[PDB]
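J.: Structure incoming, see below.
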Amino acid sequence: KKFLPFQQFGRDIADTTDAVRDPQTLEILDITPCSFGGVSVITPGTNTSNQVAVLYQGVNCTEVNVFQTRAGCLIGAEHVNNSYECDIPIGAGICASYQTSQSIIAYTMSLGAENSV
Amino acid sequence: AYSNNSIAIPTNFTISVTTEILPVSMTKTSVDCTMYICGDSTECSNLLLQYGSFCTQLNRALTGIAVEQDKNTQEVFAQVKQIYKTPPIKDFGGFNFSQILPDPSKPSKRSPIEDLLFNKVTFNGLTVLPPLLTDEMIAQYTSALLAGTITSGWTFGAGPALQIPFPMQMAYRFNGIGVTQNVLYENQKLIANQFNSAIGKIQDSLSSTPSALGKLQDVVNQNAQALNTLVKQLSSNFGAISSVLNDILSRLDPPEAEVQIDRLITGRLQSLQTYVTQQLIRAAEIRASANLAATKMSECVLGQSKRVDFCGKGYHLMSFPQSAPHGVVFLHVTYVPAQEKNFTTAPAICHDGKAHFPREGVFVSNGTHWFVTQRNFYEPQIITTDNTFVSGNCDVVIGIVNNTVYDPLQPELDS
Amino acid sequence: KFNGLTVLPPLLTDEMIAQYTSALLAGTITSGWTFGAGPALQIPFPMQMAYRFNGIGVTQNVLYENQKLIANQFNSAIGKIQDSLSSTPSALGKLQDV
Amino acid sequence: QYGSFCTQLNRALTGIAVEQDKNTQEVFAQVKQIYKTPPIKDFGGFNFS
Amino acid sequence: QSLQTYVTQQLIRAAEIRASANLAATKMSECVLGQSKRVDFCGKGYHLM
Ligand SMILES: *[C@@H]1O[C@H](CO)[C@@H](O[C@@H]2O[C@H](CO)[C@@H](O)[C@H](O)[C@H]2NC(C)=O)[C@H](O)[C@H]1NC(C)=O
Ligand SMILES: *[C@@H]1O[C@H](CO)[C@@H](O[C@@H]2O[C@H](CO)[C@@H](O)[C@H](O)[C@H]2NC(C)=O)[C@H](O)[C@H]1NC(C)=O
Ligand SMILES: *[C@@H]1O[C@H](CO)[C@@H](O[C@@H]2O[C@H](CO)[C@@H](O)[C@H](O)[C@H]2NC(C)=O)[C@H](O)[C@H]1NC(C)=O
Ligand SMILES: *[C@@H]1O[C@H](CO)[C@@H](O[C@@H]2O[C@H](CO)[C@@H](O)[C@H](O)[C@H]2NC(C)=O)[C@H](O)[C@H]1NC(C)=O
Ligand SMILES: *[C@@H]1O[C@H](CO)[C@@H](O[C@@H]2O[C@H](CO)[C@@H](O)[C@H](O)[C@H]2NC(C)=O)[C@H](O)[C@H]1NC(C)=O
Ligand SMILES: *[C@@H]1O[C@H](CO)[C@@H](O)[C@H](O)[C@H]1NC(C)=O
Ligand SMILES: *[C@@H]1O[C@H](CO)[C@@H](O)[C@H](O)[C@H]1NC(C)=O
Ligand SMILES: *[C@@H]1O[C@H](CO)[C@@H](O)[C@H](O)[C@H]1NC(C)=O
Ligand SMILES: *[C@@H]1O[C@H](CO)[C@@H](O)[C@H](O)[C@H]1NC(C)=O
Ligand SMILES: *[C@@H]1O[C@H](CO)[C@@H](O)[C@H](O)[C@H]1NC(C)=O
């Protein structure tokens with residue numbers, strides 16, 4: 001972005017600043033909040049096992065067995081090619097389950113057994 | 001033109017395909033209340049902690065709303081336990097389904113109408129969560145429902161998918177609306193051509209008019225307006241010296257910075273409660289729409305509804321689903337009687353002093369002769385003892401007319 | 001009243017809603033259910049009732065042999081409606097409550 | 001100093017007011033043509049007066 | 001606060017009235033414009049009109 005000579009700051013639609021001008025050097029650098037999201041714990045029944053996976057929602061696998069899905073970064077979950085009925089919905093077509101030795105896994109959920117008439 | 005002895009009976013009909021758009025799901029917006037109210041400010045966070053559960057229960061309500069959105073989508077579209085597929089040969093008796101069937105050439109497995117539908121709809125602690133089912137999965141579900149309807153009629157809904165030739169399925173649909181199934185086979189090419197033309201007009205009808213997808217676009221616009229208003233509320237002072245929390249923290253020592261932060265906290269918490277209440281009400285409306293859509297997919301698509309105007313204007317024949325961003329579109333194929341003629345009628349016919357009533361249909365007269373026709377389509381037949389039944393006499397029925405009833409056994413006996 | 005609270009008139013007046021109900025009534029009386037599916041097709045009202053009778057699983061001759069009794073009972077039931085409504089005030093509560 | 005609260009309340013009330021007319025329209029305007037009964041009231045003895 | 005309370009109650013009541021109006025429109029479509037076979041949808045007994 002190009003600032004007019006008297007313009008110094010940049011106000012976002014909520015009074016937060018997206019862009020700015022430094023006193024020491026006049027070069028203008030835009031500002032973005034570091035990162036934020038929602039930590040979710042994918043677990044089976046504690047009666048069954050105590051292994052867990054942690055999904056950092058809506059973020060990459062850099063800011064945080066680190067499969068990177070569209071829901072966010074999945075840590076601790078094994079990626080399995082096989083599809084199954086959705087047991088724990090994660091999002092964006094990804095569901096998790098606890099299956100056999102036993103561990104939690106993440107897969108693209110199956111919409112049902114295919115058929116043809 | 002009402003009179004006590006006149007009826008109008010259709011002589012010709014048309015296939016009508018109408019479009020019904022129903023919203024199914026909202027955008028899964030999640031709001032971090034602490035970040036919205038106290039952006040990385042321990043002083044504010046400690047002050048907000050004094051309000052107890054006001055903050056967490058808003059997040060709980062929004063999480064419930066998002067789960068309900070996924071549940072709505074699943075209820076509407078995941079009505080079939082198997083993914084059915086159409087045969088590579090489209091020998092459907094002249095009926096052309098290529099405009100609603102998935103297109104393999106396209107990167108996505110969407111029908112042309114589905115792509116037309118999709119092309120016509122458009123950092124403050126706020127995040128959006130992706131839906132559990134992607135657009136391609138909704139397209140797969142709609143394709144499975146479409147293949148089931150095309151190749152098995154209503155059988156794939158009740159039990160296992162039983163194949164049936166599509167013209168025979170249309171004959172079933174004919175008998176469902178009270179029109180004899182020979183009308184289909186005698187007019188199969190005309191019916192197929194009218195159906196194909198009606199399907200072809202749907203693209204133009206949706207594409208030309210830019211407000212055709214108004215329901216889904218209004219849902220999106222309402223959600224965007226709510227989010228924008230929630231964001232804009234952060235610039236309000238609410239009586240404090242500055243709407244910027246960092247400015248108050250930098251300018252004031254805690255003893256009065258806490259008063260200013262308390263004013264800001266009150267204002268922003270009220271804004272969050274307002275937003276969550278409006279979201280809950282709108283989610284209730286969307287859930288009602290999704291329940292209606294699921295009922296329509298069960299009764300209009302998986303079956304043949306007899307409910308008037310439930311599956312569009314006219315006598316329902318079938319419906320086809322199409323995915324759409326945040327919703328579903330039903331193409332309702334119905335019968336509309338087109339050309340009619342004005343005949344004279346009689347409630348019964350006096351043959352030998354006995355009154356004859358039609359087993360199915362109505363007695364009509366073309367000026368001089370009397371016939372019996374099916375109610376919804378003009379098809380005159382000779383009045384015989386195999387078309388009529390006997391009950392009572394001619395001294396009881398009001399308006400009975402003298403005529404002759406043919407007995408097919410008499411010339412067989414004579415010959 | 002004078003505190004910023006106003007009431008807006010509905011788009012359809014009482015006369016227009018009455019006209020709509022009149023049109024629906026005339027269509028039902030003179031054409032049965034045909035006015036709803038597509039073109040309105042006239043049919044004698046006495047002939048329309050056996051079709052309705054056929055829908056419930058009762059044969060047409062039941063209505064034709066008993067046409068006078070059925071008409072008299074229908075007229076008596078309509079008179080009773082008016083009587084009941086005016087006689088008991090609670091009846092129209094669902095609206096009044098609103 | 002309270003921002004859009006006034007505007008949001010006005011918008012919600014306007015939406016309700018529009019929805020009321022929509023409700024009346026969907027309930028009563030289900031017929032395209034205005035049908036009228038003939039001056040002949042011979043409906044086989046059925047009195048619709 | 002009084003206005004917000006009033007508007008919230010009006011929104012909930014408007015949702016209820018919308019549900020009632022949808023039911024009324026369905027009943028007019030299926031019982032005035034047709035002969036419904038749904039039990040108790042349009043009166044006790046076997047629906048005629
Ligand atoms: C179904 O209709 C489509 C058009 O809507 C037909 O596709 C056309 O086929 C002709 C050849 O007969 C081509 O010249 C056109 O370019 C095609 N148009 C499009 C848009 O693809 C299709 O052939 C029809 N299918 C059947 C079985 O009749
Ligand atoms: C019923 O109406 C259809 C039109 O909806 C008639 O089919 C048309 O017939 C004309 C001849 O008069 C042709 O020029 C058109 O091409 C036909 N249209 C189609 C789509 O095939 C049909 O003939 C009518 N049938 C009767 C018995 O009147
Ligand atoms: C009503 O239909 C009858 C039966 O078809 C018509 O009578 C026929 O008239 C045609 C053409 O004039 C002749 O081919 C037949 O020989 C006649 N049949 C009999 C049994 O007479 C009659 O013309 C029609 N009435 C009117 C006024 O159209
Ligand atoms: C239908 O035919 C019957 C006879 O088959 C007609 O009834 C006759 O009416 C005439 C004049 O009233 C009498 O002379 C006969 O004795 C009657 N016969 C019987 C068996 O009742 C009747 O009029 C005819 N209906 C019409 C309206 O033409
Ligand atoms: C339909 O019923 C109404 C009454 O419900 C009849 O109107 C009455 O007619 C008598 C004359 O026989 C008058 O004495 C009454 O004052 C009328 N009452 C009202 C309320 O108008 C009407 O005649 C009937 N119509 C038919 C065709 O039978
Ligand atoms: C020192 O003076 C001003 C103060 O901001 C600054 O614009 C200027 O660039 C500085 N000198 C440099 C960077 O050479
Ligand atoms: C962030 O995720 C994207 C995939 O959406 C990936 O391409 C990118 O490499 C990730 N981050 C960085 C900076 O690499
Ligand atoms: C799943 O299939 C794809 C094909 O490239 C790939 O990820 C891999 O072969 C499979 N996953 C493994 C190796 O676990
Ligand atoms: C039958 O006759 C009536 C008498 O007015 C007329 O209004 C009606 O249009 C006629 N029907 C046809 C199909 O010509
Ligand atoms: C129909 O009404 C006319 C009077 O316009 C009457 O002459 C005729 O007998 C009636 N016919 C029937 C069948 O009711």
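Lettering and numbering for the structure tokens are positional, with chains as A, B, ... in the shown order, residues counted from 1 in each chain, and ligands counted from 1 in the shown order.
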Can you tell me, as a compact mmCIF listing (two decimals) with N, CA, C and O atoms, in the first residue's frame, what residues are no more than 12 Å from residue 51 in chain B when counting only C-alpha atoms, ignoring any on the same chain fewer than 4 positions away?

T.:
```txt
# COMPACT_ATOMS: atom_id res chain seq x y z
N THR B 34 -13.67 -14.20 25.03
CA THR B 34 -12.60 -13.52 25.77
C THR B 34 -11.73 -12.69 24.84
O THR B 34 -11.37 -11.55 25.15
N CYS B 44 -7.90 -6.80 31.70
CA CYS B 44 -9.30 -6.96 31.23
C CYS B 44 -9.76 -8.40 31.48
O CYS B 44 -10.89 -8.58 31.96
N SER B 45 -8.91 -9.38 31.17
CA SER B 45 -9.30 -10.80 31.34
C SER B 45 -9.68 -11.05 32.80
O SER B 45 -10.70 -11.72 33.04
N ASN B 46 -8.87 -10.53 33.72
CA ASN B 46 -9.16 -10.71 35.17
C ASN B 46 -10.45 -9.96 35.50
O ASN B 46 -11.21 -10.46 36.34
N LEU B 47 -10.70 -8.82 34.85
CA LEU B 47 -11.98 -8.17 35.14
C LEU B 47 -13.16 -8.94 34.56
O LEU B 47 -14.21 -9.04 35.20
N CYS B 55 -19.50 -15.67 29.74
CA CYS B 55 -18.67 -15.75 28.55
C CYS B 55 -18.68 -17.16 27.96
O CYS B 55 -18.80 -17.33 26.74
N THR B 56 -18.55 -18.18 28.81
CA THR B 56 -18.43 -19.55 28.31
C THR B 56 -19.72 -20.05 27.67
O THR B 56 -19.69 -20.77 26.66
N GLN B 57 -20.87 -19.69 28.25
CA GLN B 57 -22.13 -20.19 27.72
C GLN B 57 -22.45 -19.63 26.34
O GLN B 57 -23.15 -20.29 25.57
N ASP B 262 -14.07 -1.70 32.56
CA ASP B 262 -15.37 -2.23 32.96
C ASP B 262 -16.47 -1.70 32.05
O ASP B 262 -17.38 -2.45 31.66
N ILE B 265 -16.10 -3.59 28.84
CA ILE B 265 -16.52 -4.97 29.01
C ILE B 265 -18.03 -5.08 29.00
O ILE B 265 -18.60 -5.97 28.36
N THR B 266 -18.71 -4.18 29.71
CA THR B 266 -20.17 -4.19 29.70
C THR B 266 -20.71 -4.03 28.29
O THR B 266 -21.55 -4.82 27.84
N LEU B 269 -19.75 -7.21 26.06
CA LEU B 269 -20.50 -8.38 26.46
C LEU B 269 -21.96 -8.27 26.04
O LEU B 269 -22.56 -9.26 25.59
```

J.: Contacts of range 40-54 of chain A at 12 Å or less, counting only C-alpha atoms, minus same-chain residues fewer than 2 places along, as number ranges by chain?

T.: A: 37-38, 56-58, 61, 64-68, 71-79, 87-91, 95-106

J.: Emit the selected residues as an mmCIF file, in the first residue's frame, including N, CA and C atoms.

T.:
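Result written to out-v9.cif:
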```
data_model
loop_
_atom_site.group_PDB
_atom_site.id
_atom_site.type_symbol
_atom_site.label_atom_id
_atom_site.label_comp_id
_atom_site.auth_asym_id
_atom_site.auth_seq_id
_atom_site.Cartn_x
_atom_site.Cartn_y
_atom_site.Cartn_z
ATOM 1 N N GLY A 37 -6.725 -19.631 17.302
ATOM 2 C CA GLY A 37 -7.641 -20.671 16.883
ATOM 3 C C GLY A 37 -8.225 -21.418 18.061
ATOM 4 N N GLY A 38 -8.756 -22.609 17.815
ATOM 5 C CA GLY A 38 -9.366 -23.382 18.877
ATOM 6 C C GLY A 38 -8.781 -24.769 19.022
ATOM 7 N N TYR A 56 -5.487 -28.231 16.242
ATOM 8 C CA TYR A 56 -5.449 -26.777 16.311
ATOM 9 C C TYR A 56 -6.269 -26.251 15.142
ATOM 10 N N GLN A 57 -7.438 -25.694 15.446
ATOM 11 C CA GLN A 57 -8.401 -25.328 14.421
ATOM 12 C C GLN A 57 -7.940 -24.102 13.641
ATOM 13 N N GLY A 58 -8.178 -24.143 12.332
ATOM 14 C CA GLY A 58 -7.969 -23.003 11.462
ATOM 15 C C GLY A 58 -6.576 -22.412 11.508
ATOM 16 N N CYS A 61 0.466 -26.028 10.321
ATOM 17 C CA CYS A 61 1.256 -26.925 11.153
ATOM 18 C C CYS A 61 2.622 -26.347 11.494
ATOM 19 N N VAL A 64 2.212 -23.927 15.385
ATOM 20 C CA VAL A 64 2.094 -24.775 16.563
ATOM 21 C C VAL A 64 3.455 -25.346 16.940
ATOM 22 N N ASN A 65 4.157 -37.164 12.760
ATOM 23 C CA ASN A 65 2.715 -37.364 13.060
ATOM 24 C C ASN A 65 2.015 -36.002 13.101
ATOM 25 N N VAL A 66 2.263 -35.145 12.107
ATOM 26 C CA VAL A 66 1.593 -33.813 12.068
ATOM 27 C C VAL A 66 0.893 -33.656 10.718
ATOM 28 N N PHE A 67 -0.148 -34.454 10.498
ATOM 29 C CA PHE A 67 -0.954 -34.387 9.257
ATOM 30 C C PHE A 67 -1.576 -32.989 9.195
ATOM 31 N N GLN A 68 -1.505 -32.320 8.045
ATOM 32 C CA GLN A 68 -2.120 -30.973 7.923
ATOM 33 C C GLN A 68 -3.407 -31.099 7.108
ATOM 34 N N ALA A 71 -9.182 -28.653 8.156
ATOM 35 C CA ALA A 71 -9.837 -28.212 9.407
ATOM 36 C C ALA A 71 -8.812 -27.474 10.266
ATOM 37 N N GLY A 72 -7.535 -27.802 10.071
ATOM 38 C CA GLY A 72 -6.416 -27.207 10.822
ATOM 39 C C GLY A 72 -5.275 -28.197 10.911
ATOM 40 N N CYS A 73 -4.363 -28.023 11.865
ATOM 41 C CA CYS A 73 -3.247 -28.991 11.982
ATOM 42 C C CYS A 73 -3.640 -30.118 12.931
ATOM 43 N N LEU A 74 -3.570 -31.362 12.460
ATOM 44 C CA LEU A 74 -3.924 -32.534 13.298
ATOM 45 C C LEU A 74 -2.632 -33.121 13.864
ATOM 46 N N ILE A 75 -2.485 -33.132 15.188
ATOM 47 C CA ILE A 75 -1.241 -33.670 15.808
ATOM 48 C C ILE A 75 -1.577 -34.940 16.588
ATOM 49 N N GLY A 76 -0.833 -36.013 16.334
ATOM 50 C CA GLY A 76 -1.017 -37.257 17.044
ATOM 51 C C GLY A 76 -1.888 -38.256 16.319
ATOM 52 N N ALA A 77 -2.606 -37.827 15.286
ATOM 53 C CA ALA A 77 -3.518 -38.702 14.571
ATOM 54 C C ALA A 77 -2.859 -39.285 13.332
ATOM 55 N N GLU A 78 -2.952 -40.602 13.203
ATOM 56 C CA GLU A 78 -2.468 -41.293 12.022
ATOM 57 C C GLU A 78 -3.415 -41.056 10.853
ATOM 58 N N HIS A 79 -2.840 -40.812 9.682
ATOM 59 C CA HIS A 79 -3.623 -40.617 8.472
ATOM 60 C C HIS A 79 -3.814 -41.971 7.800
ATOM 61 N N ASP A 87 -17.217 -41.353 12.877
ATOM 62 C CA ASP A 87 -17.433 -41.653 14.286
ATOM 63 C C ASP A 87 -17.258 -40.370 15.085
ATOM 64 N N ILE A 88 -16.099 -39.734 14.945
ATOM 65 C CA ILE A 88 -15.843 -38.419 15.525
ATOM 66 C C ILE A 88 -15.720 -37.424 14.375
ATOM 67 N N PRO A 89 -16.700 -36.550 14.163
ATOM 68 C CA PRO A 89 -16.583 -35.572 13.078
ATOM 69 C C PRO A 89 -15.540 -34.515 13.399
ATOM 70 N N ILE A 90 -14.569 -34.380 12.504
ATOM 71 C CA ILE A 90 -13.541 -33.353 12.601
ATOM 72 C C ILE A 90 -13.879 -32.153 11.727
ATOM 73 N N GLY A 91 -14.196 -32.393 10.469
ATOM 74 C CA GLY A 91 -14.630 -31.343 9.568
ATOM 75 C C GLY A 91 -13.965 -31.463 8.213
ATOM 76 N N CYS A 95 -13.024 -37.317 9.413
ATOM 77 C CA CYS A 95 -13.520 -37.837 10.675
ATOM 78 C C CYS A 95 -12.461 -38.735 11.295
ATOM 79 N N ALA A 96 -12.537 -38.883 12.612
ATOM 80 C CA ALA A 96 -11.574 -39.675 13.358
ATOM 81 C C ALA A 96 -12.284 -40.817 14.064
ATOM 82 N N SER A 97 -11.506 -41.833 14.419
ATOM 83 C CA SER A 97 -12.027 -42.968 15.168
ATOM 84 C C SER A 97 -10.886 -43.615 15.937
ATOM 85 N N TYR A 98 -11.245 -44.465 16.894
ATOM 86 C CA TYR A 98 -10.276 -45.269 17.629
ATOM 87 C C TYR A 98 -10.437 -46.711 17.175
ATOM 88 N N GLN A 99 -9.435 -47.222 16.466
ATOM 89 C CA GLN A 99 -9.518 -48.558 15.902
ATOM 90 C C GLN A 99 -8.168 -49.244 16.029
ATOM 91 N N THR A 100 -8.211 -50.573 16.026
ATOM 92 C CA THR A 100 -7.018 -51.393 16.183
ATOM 93 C C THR A 100 -6.077 -51.229 14.996
ATOM 94 N N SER A 101 -1.763 -51.890 19.861
ATOM 95 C CA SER A 101 -2.414 -52.246 18.606
ATOM 96 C C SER A 101 -3.445 -51.197 18.200
ATOM 97 N N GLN A 102 -4.264 -50.777 19.159
ATOM 98 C CA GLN A 102 -5.317 -49.806 18.911
ATOM 99 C C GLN A 102 -4.767 -48.386 18.980
ATOM 100 N N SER A 103 -5.323 -47.509 18.148
ATOM 101 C CA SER A 103 -4.895 -46.117 18.128
ATOM 102 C C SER A 103 -5.996 -45.275 17.502
ATOM 103 N N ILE A 104 -5.889 -43.964 17.694
ATOM 104 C CA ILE A 104 -6.787 -43.027 17.029
ATOM 105 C C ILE A 104 -6.247 -42.696 15.642
ATOM 106 N N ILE A 105 -7.160 -42.569 14.681
ATOM 107 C CA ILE A 105 -6.849 -42.383 13.273
ATOM 108 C C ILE A 105 -7.815 -41.366 12.683
ATOM 109 N N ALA A 106 -7.376 -40.736 11.593
ATOM 110 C CA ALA A 106 -8.166 -39.753 10.864
ATOM 111 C C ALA A 106 -8.254 -40.158 9.402
#
```

J.: Got a sec to pull out which chain D residues are within 12 Å of chain E, counting only C-alpha atoms, and send them as a count of residues only?

T.: 27

J.: At a cut-off of 12 Å around ligand 6, and using only C-alpha atoms and all ligand atoms, what residues come up? Please write them as a PyMOL selection string.

T.: chain A and resi 21-27

J.: Residues of the last selection are to be written out with N, CA, C and O atoms, as an mmCIF file, in the first residue's frame.

T.:
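Wrote it out as out_11.cif, contents follow:
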```cif
data_model
loop_
_atom_site.group_PDB
_atom_site.id
_atom_site.type_symbol
_atom_site.label_atom_id
_atom_site.label_comp_id
_atom_site.auth_asym_id
_atom_site.auth_seq_id
_atom_site.Cartn_x
_atom_site.Cartn_y
_atom_site.Cartn_z
ATOM 1 N N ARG A 21 3.132 3.405 9.779
ATOM 2 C CA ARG A 21 4.330 4.157 9.308
ATOM 3 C C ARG A 21 5.285 4.350 10.497
ATOM 4 O O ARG A 21 4.828 4.867 11.531
ATOM 5 N N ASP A 22 6.562 3.978 10.347
ATOM 6 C CA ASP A 22 7.545 4.068 11.466
ATOM 7 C C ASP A 22 8.142 5.476 11.595
ATOM 8 O O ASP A 22 8.208 6.183 10.581
ATOM 9 N N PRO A 23 8.431 5.970 12.819
ATOM 10 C CA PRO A 23 9.087 7.268 12.992
ATOM 11 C C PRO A 23 10.554 7.265 12.527
ATOM 12 O O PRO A 23 10.955 8.200 11.864
ATOM 13 N N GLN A 24 11.302 6.207 12.871
ATOM 14 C CA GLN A 24 12.749 6.101 12.530
ATOM 15 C C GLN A 24 12.946 6.060 11.013
ATOM 16 O O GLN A 24 13.812 6.793 10.517
ATOM 17 N N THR A 25 12.151 5.247 10.315
ATOM 18 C CA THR A 25 12.221 5.115 8.836
ATOM 19 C C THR A 25 10.791 5.215 8.306
ATOM 20 O O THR A 25 9.945 4.461 8.807
ATOM 21 N N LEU A 26 10.579 5.973 7.228
ATOM 22 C CA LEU A 26 9.219 6.249 6.680
ATOM 23 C C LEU A 26 8.571 5.059 5.955
ATOM 24 O O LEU A 26 7.387 5.181 5.605
ATOM 25 N N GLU A 27 9.288 3.953 5.739
ATOM 26 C CA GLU A 27 8.701 2.772 5.050
ATOM 27 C C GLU A 27 7.466 2.296 5.825
ATOM 28 O O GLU A 27 7.523 2.240 7.070
#
```

J.: Report as a PyMOL selection string which protein, DNA and RNA residues come within 9 Å of ligand 5, using only C-alpha atoms and all ligand atoms.

T.: (chain C and resi 75-76+78-79) or (chain D and resi 41-43+45-49)

J.: Quick one: pull the distance between CA of residue 163 in chain B and CA of residue 117 in chain A, Å, one decimal.

T.: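 Value for the CA of residue 163 in chain B-CA of residue 117 in chain A distance: 6.1 Å.
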
J.: Using only C-alpha atoms, I'd like every residue of chain B that has an atom within 10 Å of chain E; please write them out as a list in words.

T.: residues 270, 274, 277, 278, 281, 282, 284, 285, 288, 306, 307, 308, 309 and 310 of chain B

J.: Could you write out that same residue set with C-alpha atoms as a short mmCIF file (atom, residue, chain, number, x, y, z; two decimals), in the first residue's frame?

T.:
```
data_model
loop_
_atom_site.label_atom_id
_atom_site.label_comp_id
_atom_site.auth_asym_id
_atom_site.auth_seq_id
_atom_site.Cartn_x
_atom_site.Cartn_y
_atom_site.Cartn_z
CA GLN B 270 -23.91 -6.90 25.68
CA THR B 274 -27.23 -9.67 21.27
CA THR B 277 -29.48 -14.35 20.58
CA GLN B 278 -30.00 -13.28 16.97
CA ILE B 281 -33.27 -17.28 16.43
CA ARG B 282 -31.91 -17.42 12.88
CA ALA B 284 -34.15 -21.93 14.60
CA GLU B 285 -35.49 -20.57 11.30
CA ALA B 288 -37.23 -25.31 10.32
CA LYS B 306 -50.52 -36.70 -3.03
CA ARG B 307 -50.38 -33.52 -0.92
CA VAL B 308 -51.62 -30.58 -2.99
CA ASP B 309 -48.96 -27.98 -3.84
CA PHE B 310 -46.40 -29.76 -1.64
#
```

J.: Using only C-alpha atoms and a distance of at most 6 Å, pull out the residues of chain B that contact chain C, as an MDAnalysis selection string.

T.: chainID B and resid 2 4 7:8 313:314 336 396:397

J.: Restricting the output to N, CA and C atoms, write the selected residues as an mmCIF file, in the first residue's frame.

T.:
```
data_model
loop_
_atom_site.group_PDB
_atom_site.id
_atom_site.type_symbol
_atom_site.label_atom_id
_atom_site.label_comp_id
_atom_site.auth_asym_id
_atom_site.auth_seq_id
_atom_site.Cartn_x
_atom_site.Cartn_y
_atom_site.Cartn_z
ATOM 1 N N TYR B 2 -70.290 -22.510 -14.572
ATOM 2 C CA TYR B 2 -70.921 -23.580 -13.818
ATOM 3 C C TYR B 2 -72.363 -23.783 -14.261
ATOM 4 N N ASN B 4 -75.578 -27.224 -13.808
ATOM 5 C CA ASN B 4 -75.855 -28.478 -13.123
ATOM 6 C C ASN B 4 -75.661 -29.707 -14.002
ATOM 7 N N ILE B 7 -69.640 -30.381 -17.586
ATOM 8 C CA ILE B 7 -68.307 -30.631 -17.055
ATOM 9 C C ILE B 7 -67.288 -30.178 -18.088
ATOM 10 N N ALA B 8 -66.092 -29.840 -17.620
ATOM 11 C CA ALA B 8 -64.950 -29.591 -18.487
ATOM 12 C C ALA B 8 -63.904 -30.657 -18.200
ATOM 13 N N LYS B 313 -46.905 -26.873 -8.272
ATOM 14 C CA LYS B 313 -48.240 -26.776 -8.846
ATOM 15 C C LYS B 313 -48.497 -27.921 -9.814
ATOM 16 N N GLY B 314 -49.730 -28.413 -9.813
ATOM 17 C CA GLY B 314 -50.113 -29.530 -10.652
ATOM 18 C C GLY B 314 -50.057 -30.841 -9.900
ATOM 19 N N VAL B 336 -49.854 -30.840 -15.724
ATOM 20 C CA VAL B 336 -50.785 -29.728 -15.795
ATOM 21 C C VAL B 336 -51.727 -30.000 -16.958
ATOM 22 N N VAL B 396 -84.792 -42.676 -7.835
ATOM 23 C CA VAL B 396 -84.129 -42.120 -6.665
ATOM 24 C C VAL B 396 -83.065 -41.102 -7.056
ATOM 25 N N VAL B 397 -82.278 -41.407 -8.088
ATOM 26 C CA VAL B 397 -81.177 -40.534 -8.475
ATOM 27 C C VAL B 397 -81.727 -39.301 -9.177
#
```

J.: At a cut-off of 8 Å and counting only C-alpha atoms and all ligand atoms, what residues surround ligand 1? Please answer as a PyMOL selection string.

T.: chain B and resi 90-91+94-99+196+200

J.: Kindly indicate which residue among B:151, B:19, B:410, B:188 lies nearest to chain A, using only C-alpha atoms for the distances.

T.: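 Closest residue, counting only C-alpha atoms: B:151.
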
J.: As a quick test: using only C-alpha atoms and all ligand atoms, which residues lie no more than 8 Å away from ligand 10? Give them as a PyMOL selection string.

T.: (chain B and resi 3-5+346+398-400) or (chain D and resi 42+44)

J.: So that I have them on file, write out the residues from the current selection with C-alpha atoms, as a PDB file, in the first residue's frame.

T.:
```
ATOM      1  CA  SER B   3     -74.155 -25.415 -14.545  1.00  0.00           C
ATOM      2  CA  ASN B   4     -75.855 -28.478 -13.123  1.00  0.00           C
ATOM      3  CA  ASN B   5     -75.201 -30.681 -16.184  1.00  0.00           C
ATOM      4  CA  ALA B 346     -75.309 -37.176 -15.994  1.00  0.00           C
ATOM      5  CA  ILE B 398     -81.752 -36.868  -9.300  1.00  0.00           C
ATOM      6  CA  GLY B 399     -80.942 -35.963 -12.889  1.00  0.00           C
ATOM      7  CA  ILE B 400     -80.516 -39.496 -14.245  1.00  0.00           C
TER       8      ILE B 400
ATOM      9  CA  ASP D  42     -78.551 -24.464  -7.855  1.00  0.00           C
ATOM     10  CA  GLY D  44     -78.186 -29.624  -5.789  1.00  0.00           C
TER      11      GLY D  44
END
```

J.: As a PyMOL selection string, please: every protein or nucleic acid residue near ligand 4 (cut-off 12 Å, counting only C-alpha atoms and all ligand atoms).

T.: chain B and resi 346+349-355+393-395+398-404

J.: Please compute the CA of residue 388 in chain B-CA of residue 364 in chain B distance, one decimal, in Å.

T.: 13.4 Å
